[PDB]
Amino acid sequence: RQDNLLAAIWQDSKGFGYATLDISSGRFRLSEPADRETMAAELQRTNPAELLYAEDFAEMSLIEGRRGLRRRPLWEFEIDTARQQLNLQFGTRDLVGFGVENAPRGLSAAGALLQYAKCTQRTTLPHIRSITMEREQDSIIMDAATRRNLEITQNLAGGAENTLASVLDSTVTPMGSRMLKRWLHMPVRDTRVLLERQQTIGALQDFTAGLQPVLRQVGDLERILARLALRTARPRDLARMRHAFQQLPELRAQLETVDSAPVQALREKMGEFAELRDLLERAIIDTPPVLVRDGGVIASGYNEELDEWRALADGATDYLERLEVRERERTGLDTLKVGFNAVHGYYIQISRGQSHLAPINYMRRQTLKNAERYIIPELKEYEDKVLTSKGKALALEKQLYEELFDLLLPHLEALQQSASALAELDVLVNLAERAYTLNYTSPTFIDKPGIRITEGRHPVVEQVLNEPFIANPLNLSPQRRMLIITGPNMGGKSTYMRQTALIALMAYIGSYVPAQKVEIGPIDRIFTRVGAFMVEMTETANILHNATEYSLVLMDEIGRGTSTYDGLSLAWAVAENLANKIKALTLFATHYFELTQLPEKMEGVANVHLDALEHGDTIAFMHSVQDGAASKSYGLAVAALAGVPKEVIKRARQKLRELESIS
Amino acid sequence: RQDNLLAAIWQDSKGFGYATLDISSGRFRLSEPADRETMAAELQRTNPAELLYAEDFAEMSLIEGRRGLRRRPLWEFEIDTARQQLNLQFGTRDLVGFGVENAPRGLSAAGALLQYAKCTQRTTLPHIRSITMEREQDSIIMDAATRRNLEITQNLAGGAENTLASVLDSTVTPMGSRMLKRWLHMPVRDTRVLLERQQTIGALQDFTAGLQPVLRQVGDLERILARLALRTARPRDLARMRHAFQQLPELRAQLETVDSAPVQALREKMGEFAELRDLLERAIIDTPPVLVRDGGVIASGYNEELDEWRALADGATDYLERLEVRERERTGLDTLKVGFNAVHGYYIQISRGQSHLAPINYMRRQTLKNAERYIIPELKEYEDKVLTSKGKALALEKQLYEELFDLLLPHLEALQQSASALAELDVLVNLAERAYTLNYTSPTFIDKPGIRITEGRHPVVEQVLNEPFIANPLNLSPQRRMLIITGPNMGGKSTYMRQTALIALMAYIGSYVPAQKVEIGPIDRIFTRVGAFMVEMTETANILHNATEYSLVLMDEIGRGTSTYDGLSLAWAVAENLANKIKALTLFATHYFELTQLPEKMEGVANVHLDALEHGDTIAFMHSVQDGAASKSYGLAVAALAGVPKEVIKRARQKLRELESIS
Amino acid sequence: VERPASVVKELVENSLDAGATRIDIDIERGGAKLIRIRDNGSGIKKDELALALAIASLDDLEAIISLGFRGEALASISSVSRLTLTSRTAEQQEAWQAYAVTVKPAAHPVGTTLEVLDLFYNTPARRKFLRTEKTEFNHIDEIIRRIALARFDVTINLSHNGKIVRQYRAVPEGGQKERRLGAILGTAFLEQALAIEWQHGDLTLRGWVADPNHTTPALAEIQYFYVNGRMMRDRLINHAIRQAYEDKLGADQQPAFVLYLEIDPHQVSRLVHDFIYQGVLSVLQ
Amino acid sequence: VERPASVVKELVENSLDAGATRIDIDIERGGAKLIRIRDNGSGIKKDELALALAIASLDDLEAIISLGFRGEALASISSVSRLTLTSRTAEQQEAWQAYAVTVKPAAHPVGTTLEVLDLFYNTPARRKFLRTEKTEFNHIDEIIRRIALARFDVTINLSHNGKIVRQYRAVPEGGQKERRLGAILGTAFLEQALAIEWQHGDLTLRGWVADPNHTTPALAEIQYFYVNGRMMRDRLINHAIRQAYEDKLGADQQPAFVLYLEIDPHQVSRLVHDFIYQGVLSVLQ
Ligand SMILES: Nc1ncnc2c1ncn2[C@@H]1O[C@H](COP(=O)(O)OP(=O)(O)NP(=O)(O)O)[C@@H](O)[C@H]1O
Ligand SMILES: Nc1ncnc2c1ncn2[C@@H]1O[C@H](COP(=O)(O)OP(=O)(O)NP(=O)(O)O)[C@@H](O)[C@H]1O
């Protein structure tokens with residue numbers, strides 16, 4: 001009933017930083033309002049009883065009226081002094097364990113808050129043991145590990161293929177390929193947005209054929225419009241742009257029939273611009289050169305004066321030829337050529353041996369090694385008019401090209417809109433094709449955290465594998481919330497886990513999913529931890545501190561302690577916390593066989609395993625998920641088959657025989 | 001004692017591939033002769049009794065005379081069919097365990113060999129269980145893991161800093177910075193090359209000051225010479241090149257006094273090229289433009305005709321001005337400007353309001369918005385000569401620039417030599433400064449594999465740490481060849497290992513090393529295994545199959561089996577093999593405490609550990625290497641300090657107490 | 001066992017005889033390098049693989065080659081190839097595989113898979129004869145196109161050099177024949193398609209004929225006629241359709257059609273001709 | 001305890017009195033942000049740290065402040081800072097650290113380290129007085145420069161904002177004074193340096209004086225005179241050198257010198273002047 005809270009605030013040239021604290025409870029928080037308006041909203045939201053601010057704070061309009069205003073020195077809002085004091089209080093060397101390491105504007109505010117707090121209280125403050133971020137966009141949250149590990153766009157070591165992007169990037173235009181990639185790094189939780197895209201995908205599944213080919217011809221319109229604004233655009237950029245407008249009437253016709261409110265919306269957004277289309281059909285040649293510099297861009301029939309000066313220049317090609325033939329056959333000197341040199345001008349070249357036979361009507365203009373070049377009156381007067389006419393035509397061609405920018409820029413706003421609309425279609429047309437071709441099903445959403453899969457598949461792995469992928473079901477709810485997985489390596493453990501995370505991501509971007517049936521609840525954050533120790537302990541805590549009832553947590557083979565069982569001791573406590581306190585949707589893979597005791601100890605946890613079969617002369621991984629814990633050790637079998645020398649393996653199995661004679 | 005062997009050979013457009021096999025012994029090999037000559041050398045070396053070749057083999061001169069010539073079909077030398085049949089024989093799905101995965105030209109040859117062999121023998125061939133590469137470059141070998149893990153040039157995640165390169169890149173010119181980086185990826189085993197560089201480093205340690213500043217002014221000469229050969233070179237490339245030649249006489253003077261045979265060698269190799277220097281001082285302006293295309297590159301006084309046509313054009317600026325002043329003050333119209341337009345030509349502009357006051361003389365050439373532009377007889381005749389003179393001067397400026405290439409290309413060989421010499425100086429001058437400033441010592445070499453370090457330091461880690469790095473000694477020999485290391489995480493295990501590998505690398509490029517004293521034997525290959533399982537077992541075998549007595553092997557925390565001790569079972573057998581058969585210089589880090597039994601079981605193996613200290617219950621890592629195995633598990637202590645909530649930690653230690661009440 | 005196209009066809013119909021509804025064909029480089037057919041039809045037991053490829057195992061087990069004429073066809077391929085095959089029967093069986101005289105177990109769903117490295121492995125000649133890569137793929141694709149139209153009810157997936165080319169989705173009873181028809185024949189045919197359904201008792205004619213008024217010779221590539229599963233060619237049928245085309249419009253430009261006839265056992269009768277001509281010409285007007 | 005330069009000097013000489021031969025000084029942003037002095041001299045025991053900054057030390061854990069007047073100086077810094085200190089003595093000790101009343105252990109070699117976050121932490125005024133980052137660094141560097149020349153035998157490392165600025169290598173007995181002299185004074189001074197060695201019994205003059213004929217006022221920044229380790233200023237000395245400079249060349253342009261005078265503990269005296277003048281003028285000619 002009573003917020004009686006404390007807060008701190010600060011500004012740099014980027015935005016505004018915020019932190020809140022209560023001493024009656026110990027709750028310690030951080031956030032970063034991006035703009036002036038959101039910062040205002042967050043103040044009254046929290047309604048603190050006291051408010052610390054730096055003497056430098058410029059936007060006094062936000063805080064002047066607030067109760068408990070307290071001016072403080074600047075050096076207190078020092079980031080490193082802040083970082084330093086905070087690490088002491090929690091008893092750590094890093095704030096990675098809290099997942100607020102990259103929030104410096106807020107941390108500067110929390111730094112002065114703690115320094116103030118130290119001095120104000122001097123009462124029991126061990127109940128201030130933590131700090132979490134108040135994440136403004138509780139849509140979906142992903143850390144660096146999740147962004148690289150799922151392989152959305154960056155494969156493990158930086159390459160491009162074997163990603164989720166590499167599967168679904170069957171988009172025709174580059175602006176659509178880029179747009180697709182943005183959608184995967186940003187799924188959102190609004191049901192409206194999701195149902196729009198699903199419904200669109202379904203109504204377009206039939207029209208896939210006619211649509212894709214047309215969109216490719218558009219080209220990279222998004223980036224051509226940039227050069228237009230900059231006034232850098234080249235002849236060939238406007239040609240693809242021209243051809244892109246020739247597609248619009250046809251796309252209008254194709255999308256007309258598609259019965260769907262979302263589709264008809266994007267149909268309008270597309271645009272028409274028949275005015276711009278006509279201009280360019282008359283203004284530019286069908287296939288123009290790379291640069292404007294050398295001419296041959298602006299068409300005949302477009303401008304009066306352009307064609308006039310070109311007619312003078314175009315009276316060149318045929319005259320040079322007649323001059324060459326006239327003079328060659330009058331004299332009877334076959335090595336007579338008509339050519340040009342930038343420095344000297346036009347000339348009549350004769351070889352060295354025939355140079356003595358020239359009528360010397362011919363004046364010597366230029367002497368070579370094995371040829372003498374000459375000039376006569378008829379060529380020299382003609383020289384002046386041809387080159388200078390080209391120049392006036394070429395100079396005018398550059399005048400008129402600068403003019404073409406002035407004409408097109410007026411529709412620039414609407415072209416940006418046409419570019420975003422066409423790119424979105426390419427994405428949704430593409431996803432409809434993948435859903436049909438790859439045999440995907442639409443997912444459904446529920447009110448509480450929970451997942452129900454029927455014969456779910458791994459969308460990346462299933463494609464590379466030119467053999468059967470063993471699909472597997474899944475059933476999670478707030479009551480059945482943790483699954484402990486034991487068994488062989490390459491057994492399909494991490495696979496069975498990772499397929500579920502991708503399925504969830506795909507659901508929350510609005511696409512169809514690789515399974516028979518998919519039911520799923522809300523998911524606020526996705527967290528990820530992958531094996532190897534400086535590394536491990538540090539980041540296990542990030543997930544524990546932040547995760548919620550609605551979150552998804554994905555543990556891969558933790559517990560590489562400094563001994564045998566000190567590492568097991570950790571994993572047990574870890575699991576009990578996630579299952580008992582946080583009650584999140586958890587999937588716990590581990591090789592430590594002893595953790596399979598939990599279900600009898602802990603309600604709401606259950607055992608599963610990747611069963612594998614040892615027979616004949618070899619091992620066959622069934623990749624088939626079964627209830628109950630794994631049977632045994634499979635590691636020695638694994639080692640051999642990957643490609644270990646047989647000599648070594650004998651010594652290993654011998655040693656294993658020794659270990660199992662202890663008990 | 002004579003060779004009675006079998007072999008196979010093949011060629012593509014890249015080079016020639018080779019493989020050898022014996023059925024009396026089972027020895028199976030592969031290599032890839034890079035050039036036609038080395039291929040010849042390798043044939044007589046092996047002197048096979050029979051030789052398979054593809055019907056397509058073009059270089060018959062190598063093999064015509066050889067005994068046992070056998071023509072075979074092409075499809076047999078298919079790479080994938082080859083790969084397929086080979087995986088069957090060894091019983092695997094990959095040849096990564098043998099480290100010949102990226103030798104396809106040889107594997108195509110071994111493919112037809114095995115298919116021939118299968119059919120020819122049909123006798124016991126389980127004794128053919130392996131294949132290793134005959135590595136032409138037995139200088140030093142490094143795989144992908146070693147190249148990224150040491151952080152030579154690429155830090156873990158692709159960034160540039162915290163690398164060995166980042167320490168030593170205090171080089172002044174880019175061609176030297178690039179050269180440094182080549183040297184790190186390619187150390188060689190010739191003692192002469194090593195002693196050259198060490199001696200050079202010592203004699204230059206005093207002259208560091210005067211030398212570095214001069215080398216910077218050279219600029220990136222290496223890549224400017226490329227554009228010279230291509231004929232792309234721009235005006236400003238030749239300007240920095242000109243300035244680079246102005247450095248040569250100075251460098252000659254500085255290096256004269258430096259008494260060292262290697263230094264005086266590089267002093268000569270530098271060159272002089274006073275001829276080229278003079279040309280460019282006269283030929284190009286002090287500060288030329290980015291491109292040749294718009295002129296202002298070639299100097300006045302360089303060419304007769306250039307200055308002549310420029311004199312006609314330079315008669316423009318003063319005439320345009322007199323015309324403007326004459327006409328402005330004759331009329332009394334102050335808004336009279338003289339300007340130019342590409343399309344219409346020169347003009348005399350008067351504002352709209354004053355246009356009615358212009359004299360009858362002025363013909364209207366162009367009408368604007370708020371101004372009328374005019375032309376008179378005096379400007380129009382003058383217009384022709386000025387623009388066309390510029391053009392002939394500009395056209396000639398391009399003639400002469402193309403000329404400058406023809407004149408310089410003759411010494412291109414010698415310039416390549418000068419460029420390589422200057423780049424090598426920058427490298428050696430740089431390493432002398434680092435060796436002095438960072439307090440490094442020169443290493444000494446021995447005949448047998450063995451390493452003896454005195455207070456060795458980690459050269460990268462010591463610098464970013466603004467506190468003490470704990471230096472540690474090391475002693476390895478053919479008799480003391482393995483060290484088993486247990487203890488805490490972040491204890492300094494991987495560190496104590498990794499510092500040793502870098503030390504070896506630095507020794508085998510010819511540089512000084514971070515320690516008191518360094519003695520070291522020959523080292524042929526460096527191998528690297530870092531934790532995390534498809535991954536782990538696959539590559540543990542690569543190292544086992546290839547490694548030798550002279551090699552350095554670096555094992556980090558292996559044995560993540562599918563259970564508790566199946567993973568330990570592996571590590572035991574692994575260790576016994578490296579120490580007992582291969583007898584390599586090995587460093588084995590492992591968390592499994594039970595492996596510390598080996599020294600008493602195994603001759604030539606010894607226990608060490610990173611001791612750490614617990615008071616109350618918070619921890620100081622001494623990072624100090626001591627004889628004997630570690631004391632205990634330290635993992636729970638590790639977890640807490642990285643940043644785990646204390647609440648969880650209590651539950652963990654409780655559970656640890658439960659595990660140790662089992663016995 | 002002459003072209004690669006023929007080896008594809010027989011193994012496709014082997015799976016069809018086993019009640020297969022999903023036949024996934026993966027092929028690489030004309031079929032030389034790779035031919036992989038995976039079928040979901042009735043599988044094969046562990047004892048039954050051994051002998052189909054071992055050849056002296058039926059000297060008195062005697063009874064099991066009885067199971068198929070497909071089983072008779074496998075042997076002719078496998079002795080003269082690097083054949084690999086995996087199969088799992090009924091349910092709760094393990095999968096089993098064989099190499100070419102050696103067998104062992106594996107892991108598979110209930111069905112069959114058949115992998116082949118360029119058939120001829122001991123014949124130097126008969127492989128060195130084998131024609132192009134691209135052109136053989138076109139023959140294979142034609143063969144599958146012909147099986148495809150006959151059996152609208154079986155899903156067939158054709159991929160070349162890894163990447164998929166044809167995904168022929170099956171048509172359910174009470175379903176869309178256009179989805180499949182356009183995928184096979186391209187958009188082109190689908191545009192001018194006029195359906196035909198004629199019946200006088202036992203004679204039943206189903207199919208499609210293109211509108212001659214807008215038909216070009218680019219549509220006319222398509223001329224298929226099937227009878228109770230398979231296409232035979234006889235000159236009788238050839239005239240029936242062209243008479244109808246030439247009499248509809250005097251301009252006799254090439255006709256486009258795909259038609260299926262269904263009847264009682266007689267290999268051929270005169271009525272056969274007249275029945276067809278009547279059906280076609282009516283639809284046009 | 002007024003400028004940051006002064007806090008540096010005292011903690012430097014604290015380490016000197018403990019027999020330190022390597023003093024590494026790391027400073028950041030004028031010294032405000034960071035001041036770290038790490039010394040390899042004699043360290044400090046666990047009970048001896050506690051009370052130097054927790055005054056019932058010399059009663060309850062007693063007669064131990066006796067150990068240093070450095071221990072008297074630490075207290076004046078630590079109460080008014082975010083001080084941090086770690087030290088390890090003699091042998092097989094652990095390292096120990098404190099904040100200023102809270103202490104605990106750590107890991108270090110036999111020596112001492114002293115870390116400071118911007119001295120004044122409770123004083124709003126005396127910090128708001130502290131003025132520039134760059135300019136304060138210049139005062140510190142001057143202070144260290146003066147300690148450097150007095151003690152040629154101690155290696156001193158000065159780094160600013162992470163990156164190192166000065167690395168003063170010590171001079172061994174029977175060694176090169178030039179390595180260090182050029183590093184301190186730049187190559188500039190080293191070029192025109194003429195050594196001076198005068199002695200009349202107890203009076204001993206050692207050092208260097210620049211050749212006036214090529215000396216510019218850019219060399220003249222350097223004017224230091226020490227007496228038995230420390231520089232005092234008295235006007236007597238000022239004249240002795242300038243008389244010799246003005247009499248050598250009538251153009252009285254600014255002199256460049258670094259000189260050390262060495263005597264018995266008795267402050268007195270007229271001979272002091274004449275001794276010096278004689279020594280300088282002779283070297284010049
Ligand atoms: N000799 C040393 N002196 C000072 N600091 C060190 C030293 N060695 C390592 N460190 C620090 O300790 C960290 C990691 O040590 P490391 O050698 O990787 O531990 P480990 O015992 O190999 N086991 P793990 O780190 O868990 O794989 C680094 O981040 C360093 O900052
Ligand atoms: N359901 C499945 N069907 C077919 N192949 C699979 C399946 N699951 C996994 N694989 C294959 O198994 C390989 C590696 O297995 P993986 O799941 O990484 O093992 P793991 O048990 O997680 N151990 P680790 O990789 O060390 O964490 C992959 O590259 C796949 O090619």
# chains A, B, ... in the order shown; residues from 1 in each chain; ligands from 1
$ interface_residues --of "chain A" --to "chain B" --cutoff "7 Å" --atoms "only C-alpha atoms" --output "JSON, numbers by chain"
{"A": [91, 92, 93, 94, 97, 342, 343, 392, 395, 396, 487, 488, 489, 490, 531, 532, 533, 534, 537, 538, 541, 561, 562, 563, 564, 566, 567, 569, 570, 573, 591, 592, 593, 633, 634, 635, 636, 639, 641, 642, 643, 644, 645, 648, 651, 652, 655, 656]}
$ write_last_selection --atoms "C-alpha atoms" --output "PDB file, in the first residue's frame"
ATOM      1  CA  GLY A  91      31.137  -9.865  -2.747  1.00  0.00           C
ATOM      2  CA  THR A  92      32.135 -10.382  -6.399  1.00  0.00           C
ATOM      3  CA  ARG A  93      34.709  -9.185  -8.956  1.00  0.00           C
ATOM      4  CA  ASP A  94      32.200  -8.588 -11.788  1.00  0.00           C
ATOM      5  CA  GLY A  97      26.428 -12.471 -12.498  1.00  0.00           C
ATOM      6  CA  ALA A 342      44.136  12.865 -77.527  1.00  0.00           C
ATOM      7  CA  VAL A 343      47.199  15.117 -77.722  1.00  0.00           C
ATOM      8  CA  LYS A 392      28.272  20.346 -75.727  1.00  0.00           C
ATOM      9  CA  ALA A 395      27.975  18.652 -71.035  1.00  0.00           C
ATOM     10  CA  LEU A 396      24.253  18.935 -71.632  1.00  0.00           C
ATOM     11  CA  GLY A 487      22.779 -40.662 -22.145  1.00  0.00           C
ATOM     12  CA  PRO A 488      25.372 -40.799 -24.921  1.00  0.00           C
ATOM     13  CA  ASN A 489      27.268 -37.985 -26.597  1.00  0.00           C
ATOM     14  CA  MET A 490      25.986 -37.221 -30.080  1.00  0.00           C
ATOM     15  CA  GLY A 531      30.118 -25.891 -21.683  1.00  0.00           C
ATOM     16  CA  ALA A 532      33.595 -24.371 -21.178  1.00  0.00           C
ATOM     17  CA  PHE A 533      35.831 -22.462 -16.120  1.00  0.00           C
ATOM     18  CA  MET A 534      36.662 -18.810 -15.531  1.00  0.00           C
ATOM     19  CA  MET A 537      30.786 -20.128 -12.881  1.00  0.00           C
ATOM     20  CA  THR A 538      30.639 -16.547 -13.958  1.00  0.00           C
ATOM     21  CA  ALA A 541      24.773 -16.966 -12.006  1.00  0.00           C
ATOM     22  CA  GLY A 561      34.524 -28.644 -10.906  1.00  0.00           C
ATOM     23  CA  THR A 562      38.130 -28.920  -9.746  1.00  0.00           C
ATOM     24  CA  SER A 563      37.465 -32.532  -8.618  1.00  0.00           C
ATOM     25  CA  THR A 564      34.943 -35.286  -9.276  1.00  0.00           C
ATOM     26  CA  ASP A 566      32.465 -30.735  -6.057  1.00  0.00           C
ATOM     27  CA  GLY A 567      31.069 -29.994  -9.550  1.00  0.00           C
ATOM     28  CA  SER A 569      27.423 -30.568  -5.626  1.00  0.00           C
ATOM     29  CA  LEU A 570      26.856 -27.349  -7.590  1.00  0.00           C
ATOM     30  CA  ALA A 573      21.684 -27.045  -5.795  1.00  0.00           C
ATOM     31  CA  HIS A 591      26.484 -36.378 -18.059  1.00  0.00           C
ATOM     32  CA  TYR A 592      26.583 -36.720 -14.285  1.00  0.00           C
ATOM     33  CA  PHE A 593      24.416 -39.780 -13.890  1.00  0.00           C
ATOM     34  CA  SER A 633      27.952 -44.895 -19.841  1.00  0.00           C
ATOM     35  CA  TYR A 634      28.347 -44.629 -23.636  1.00  0.00           C
ATOM     36  CA  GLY A 635      31.478 -42.447 -23.794  1.00  0.00           C
ATOM     37  CA  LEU A 636      34.027 -45.144 -24.664  1.00  0.00           C
ATOM     38  CA  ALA A 639      35.400 -42.107 -28.652  1.00  0.00           C
ATOM     39  CA  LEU A 641      33.879 -44.277 -33.557  1.00  0.00           C
ATOM     40  CA  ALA A 642      34.823 -40.633 -34.038  1.00  0.00           C
ATOM     41  CA  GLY A 643      38.316 -41.830 -34.969  1.00  0.00           C
ATOM     42  CA  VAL A 644      40.529 -42.823 -32.034  1.00  0.00           C
ATOM     43  CA  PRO A 645      43.308 -45.360 -32.518  1.00  0.00           C
ATOM     44  CA  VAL A 648      44.340 -46.556 -26.949  1.00  0.00           C
ATOM     45  CA  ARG A 651      43.727 -49.430 -22.364  1.00  0.00           C
ATOM     46  CA  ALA A 652      40.555 -47.377 -21.699  1.00  0.00           C
ATOM     47  CA  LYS A 655      40.607 -49.059 -16.889  1.00  0.00           C
ATOM     48  CA  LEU A 656      36.810 -48.948 -16.938  1.00  0.00           C
TER      49      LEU A 656
END
$ residues_around --residues "residue 73 (chain C)" --least-positions-apart "6" --cutoff "12 Å" --atoms "only C-alpha atoms" --output "JSON list (two decimals) with C-alpha atoms, in the first residue's frame"
[["chain", "number", "residue", "atom", "x", "y", "z"],
["C", 1, "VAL", "CA", 19.99, -52.01, -66.54],
["C", 6, "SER", "CA", 15.85, -47.13, -66.01],
["C", 7, "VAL", "CA", 17.39, -47.98, -62.62],
["C", 9, "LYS", "CA", 12.08, -46.20, -62.65],
["C", 10, "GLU", "CA", 12.23, -49.86, -61.50],
["C", 11, "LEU", "CA", 13.18, -49.06, -57.87],
["C", 12, "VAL", "CA", 10.43, -46.36, -57.79],
["C", 13, "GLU", "CA", 7.79, -48.92, -58.85],
["C", 14, "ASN", "CA", 9.29, -51.53, -56.43],
["C", 15, "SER", "CA", 8.42, -49.15, -53.60],
["C", 52, "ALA", "CA", 18.54, -60.88, -51.49],
["C", 53, "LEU", "CA", 22.18, -59.90, -52.04],
["C", 65, "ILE", "CA", 12.50, -64.76, -52.65],
["C", 79, "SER", "CA", 26.48, -57.50, -57.41]]
$ select_by_dssp --residues "region 23-166 of chain C" --states "helix (DSSP H, G or I)" --output "ChimeraX atom specification"
/C:29-31,46-53,65-67,70-78,124-129,134-150
$ closest_residue --among "A:360, A:470, A:446, A:558" --to "ligand 2" --atoms "only C-alpha atoms and all ligand atoms"
A:470
$ interface_residues --of "chain B" --to "chain D" --cutoff "10 Å" --atoms "only C-alpha atoms" --output "NGL selection string"
:B and (206 or 209 or 437 or 463-464 or 466-470 or 612-616 or 618-624)
$ residues_around --residues "residue 262 (chain C)" --least-positions-apart "3" --cutoff "9 Å" --atoms "only C-alpha atoms" --output "list in words"
residues 202, 203, 204, 205, 206, 226, 227, 228 and 229 of chain C
$ atom_distance --atom1 "CA of residue 523 (chain A)" --atom2 "CA of residue 496 (chain A)"
18.7 Å
$ select_by_dssp --residues "region 90-238 of chain C" --states "strand (DSSP E or B)" --output "PyMOL selection string"
chain C and resi 95-99+102-106+111-117+155-160+163-168+193-200+203-210+223-227+230
$ atom_distance --atom1 "CA of residue 183 (chain D)" --atom2 "CA of residue 156 (chain D)"
11.6 Å
$ residues_around --residues "residue 168 (chain C)" --least-positions-apart "4" --cutoff "9 Å" --atoms "only C-alpha atoms" --output "VMD selection string"
chain C and resid 148 152 154 to 158 179 to 180 183 to 184
$ write_last_selection --atoms "C-alpha atoms" --output "short mmCIF file (atom, residue, chain, number, x, y, z; two decimals), in the first residue's frame"
data_model
loop_
_atom_site.label_atom_id
_atom_site.label_comp_id
_atom_site.auth_asym_id
_atom_site.auth_seq_id
_atom_site.Cartn_x
_atom_site.Cartn_y
_atom_site.Cartn_z
CA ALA C 148 3.59 -38.67 -61.24
CA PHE C 152 -1.95 -38.36 -58.24
CA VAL C 154 1.61 -40.56 -53.98
CA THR C 155 3.95 -37.82 -52.70
CA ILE C 156 7.25 -37.78 -54.58
CA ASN C 157 10.21 -35.53 -53.83
CA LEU C 158 12.99 -35.06 -56.39
CA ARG C 179 -1.73 -28.03 -56.92
CA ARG C 180 -0.11 -31.16 -58.39
CA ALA C 183 3.77 -28.27 -60.31
CA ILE C 184 4.30 -31.00 -62.91
#
